[PDB]
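Given as C-alpha cells, the chain that follows is alone and in the form deposited in one PDB entry.
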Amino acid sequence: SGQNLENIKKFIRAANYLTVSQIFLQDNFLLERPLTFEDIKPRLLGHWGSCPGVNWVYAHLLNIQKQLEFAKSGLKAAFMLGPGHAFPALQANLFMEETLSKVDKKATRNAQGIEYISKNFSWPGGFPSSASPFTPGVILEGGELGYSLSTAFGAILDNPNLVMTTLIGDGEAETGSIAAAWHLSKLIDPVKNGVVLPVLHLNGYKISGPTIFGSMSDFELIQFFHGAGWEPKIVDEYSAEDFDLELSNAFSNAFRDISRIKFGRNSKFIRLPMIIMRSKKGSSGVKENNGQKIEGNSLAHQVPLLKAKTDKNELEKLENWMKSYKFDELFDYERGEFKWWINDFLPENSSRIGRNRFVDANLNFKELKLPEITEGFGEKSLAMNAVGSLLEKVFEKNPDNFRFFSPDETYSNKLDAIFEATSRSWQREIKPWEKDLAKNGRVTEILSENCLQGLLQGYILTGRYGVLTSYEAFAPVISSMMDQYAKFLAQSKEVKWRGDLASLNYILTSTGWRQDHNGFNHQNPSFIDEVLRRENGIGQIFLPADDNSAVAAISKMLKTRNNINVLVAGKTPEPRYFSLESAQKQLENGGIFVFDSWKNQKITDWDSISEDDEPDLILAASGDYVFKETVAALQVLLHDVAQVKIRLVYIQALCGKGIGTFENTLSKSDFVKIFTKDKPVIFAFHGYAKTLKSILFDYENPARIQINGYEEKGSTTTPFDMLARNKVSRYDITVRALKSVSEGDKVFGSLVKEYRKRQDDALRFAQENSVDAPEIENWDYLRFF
C-alpha cells in the first residue's frame, strides 16, 4: 500500500510536470540550466485548472486495474474525458503508459519523446489543444459540453466486464443533457451489459464564476444524487489529511461493489456507485499573481502567467513552479529514460486503460446479416408497417449487434411489428395490464431525445449497429449535437488505424402534412437542412414514394458505412406506384424516376433520351404527399388539354454533393438531359423551399425552376386544406403549370377560373362538413407497374 501510494504520487508528479512542459516550454524541457526568456512559447495557449483531477483519476484507475489483474478478474476499465479542454494532461497519462508509442514512433518514452510531445502541443501542425480521434482510446470529443453520460451508457450495452469511468465537470453538469442522463440507470441492466462509473469534478468554478453545484452543501448533493438511482461518495481536498489515500479507498470500494453486483443476481432495482471529488481549481500551481487569487479561483481556467515571456517575476514563478515537481528523482538524466518505479507501477500491455479491447471498433465490428426483402402488398401502401416487419426480420437475424431507440413513439409511428421479436428495456416494476416491458429488451424508450442520441452514438462508435426513430418536427432538438458527431467522422477520415463504422440512421415520420390531433406545433422540416449542410462527404436523405421504396431504402442504408442517413416517410394509407424491381433499379441508378405521359414510357436509364422530342413542361415532386398531389394534377392536365407534353420526375434521395446518393450522384450533364434547358420546372418539396434552392443553385439555369414547399402555414384542418394553404395542392399546381407554359392567361384563363372554383368548392365542403369531399377521397390515381 505504501509502495503503491508512493508510485501513484510519482506518477501524478510526472504527469503534472509533462502537463506544464506541454503548456509553457518550447526548449530546455529538462531544466538542466536556469530558465530564460527564449525557452517560452510565443503564444501561451491551453488550459490548466482541470488537469490535476484528470491526472489523479487516471493514476488511481491504473492502480485499480493492476489490482484487478492481480485478482484474476475479467473486468476491463476505460476512461472518458468530459472536459475536453483538459487534453494535454490526458496526453501525458498516455505518454508514460506507452499507448501513444504504439501509434506514433516518435512518442517513445525517452527524452526525444518528451521533447516531441512538449514542443508540438498546440503548435501549427502538431497535436491539437482539445481531444480528437487522433488520440487513442477516444470516442468523445468533449468540445461542446454535455453528452458525456449518455455516450458512456451507450458504449456499455452488450459489452459485459467493461467499466467506463467518465469525468464530468461541475459546470458541465448544469446542462440539460447531463441533468437528464442521471435517470438512464432505470432502463439498462448492468449485469448483462456493464457498469458506468461517474466521477464529478467539483472544483467549484466555471470560466469566470462559481458553479451551481459548488454552492450546494454536501447534504444537498447527497440528497440530489440519491434521489436518482445512484450511490454517491464525496471526497474533498480541503479537509482530507491525505487526498490520495481517500481517492484509493473510494475507487477500491466502488470497484468492489461493482464486482459484487456482477457476481450474482437480485430481483430488484440496482444502485450504481459514483464519486464526487472536490478540489481546488488549478491545484499545485501558482498561488498568487499581482495580488489576485489563482489557485482555488476561476482565474486558473486558462494559463495563469500570460506575461511569462516579458516579465521577470512571472518567469521566476514559472521556474519555481516547474522545479517544485522534482523531475530529477523520477527521470534518469544520464540515459534519458524513466527509473525502475514506472515498470513496477504499470501492468502488462494487454491490461492497460488506453488499450481496452471492448471500446475499440477494430476488434468488435461485424457485418450485418440482411434478411431477404419480401415486398408484400395489399390494397394501399403502409410503409411504416413494412419497415417494422423488415426490422423485425433484422432483429431475428442479428441478435447481438442491433438495437432500436424511440422517444415513446413506437406505436404512434406504426412500427409495433418489431415487438414480435423484442420487448422494451425496463428495470422497474411491471403492472399486469402493461405489455412489451422486459429487463433484457432491445428497445430503449425515453422522452429525452438527447439521451437517445447519446446512446445511439455510443453504441455506433463502439462498433455496432442502431436505428433511431422520431417525429420530424422534434428532430432539431438533437440537431447541434449531431453536427458534433459529423466532425468526429471528418476527423476519422485522416486516421490510418481507426477502421470502419456503422452509419447513423434516422427514421423520421408523422410529418406535418398529416398531423390530425395537433396543429402548427408539430410541423418543422428543418432537420434535413442541417443534415445536408455538412460538406465532408456526410449527409444523405431518403425520400420513399411507397412501401416498396421504403423497404428498398431501409435495406440500402443498412449497407452503408461511415455516414449519416435520414429516412422520412408517411404512415397513412397511400397509393402504390412501383414494384420491387423498379424501386431497386431506381435506387441503384441514384433515386430518380422519370416518366413520359404523352407516350406512356417509363425511363430508368438516362441514355436514349431523344433530343428531337422534349417535354413542354416538367412536374417534379419530392415527398409522398406532394407526389400524390403532382400525379393528381398530371391526371387532370392529361384529361383537360392533353396538347402539351408533361414529364414527371420523382427524386428518392438527396446528398450533400448533389442529386442522388454519394456512390451515384447525378452529374451536371445528366441534369440537362432529365431537365430541359429552357422548359419550366414546377417543383413540390416536402420541406422548405430554400433547402432545395441551395442544392439547385449549382445546377443548370436555376431561374426557370419554381419551387414550392411547406412555407410555414396551417392549422388543425383537413389534409386537402393543409395542402391548399401552402399552395401545393393539385389545383394550384395545375394553375402554375398552365401559367408557366405558352401565354397562359390568354388561352388558358377559363381553365384557371374553373380550377380555382373547384378548389373553393372543396374548401367550402371541408369547412362545412369537417370531412374531405368525395371527389378527392375517392380519386382514381395513376399506376406505373
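One rule holds for the numbers: they count along the sequence shown, beginning at 1. The term rigid core refers to the maximal set of C-alpha atoms that superpose within 1.5 Å between the two forms.
In what follows, reference is made to the form deposited in another entry, a form of this protein that is not presented.
Just one of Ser470, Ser248, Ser185, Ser425 has a C-alpha that shifts by 2 Å or more between this form and the one not shown on a rigid core fit; which is it? Spelled out, the residue whose C-alpha shifts by 2 Å or more is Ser248.
Following rigid core alignment, is the displacement of the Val235 C-alpha between this form and the one not shown equal to or greater than 2 angstroms? No, the C-alpha position differs by under 2 Å between this form and the one not shown.
Once the core is superposed between this form and the one not shown, does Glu581 show a C-alpha displacement of at least 2 Å? Yes, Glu581 moves 2 Å or more.
2 Å or more on the CA of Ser259 between this form and the one not shown, with the rigid core superposed, yes or no? It does, since the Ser259 C-alpha is displaced 2 Å or more between this form and the one not shown after the core fit.
With a change of at least 3 Å, which way does the C-alpha separation between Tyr325 and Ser248 go in that other deposited form: closer or farther? Note: Cα gap between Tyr325 and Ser248 widens in that other deposited form.
Looking in that other deposited form, are the Cα atoms of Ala250 and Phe358 closer together or farther apart than here, the change being 3 Å or more? The answer is closer, because the C-alphas of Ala250 and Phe358 approach each other in that other deposited form by 3 Å or more.
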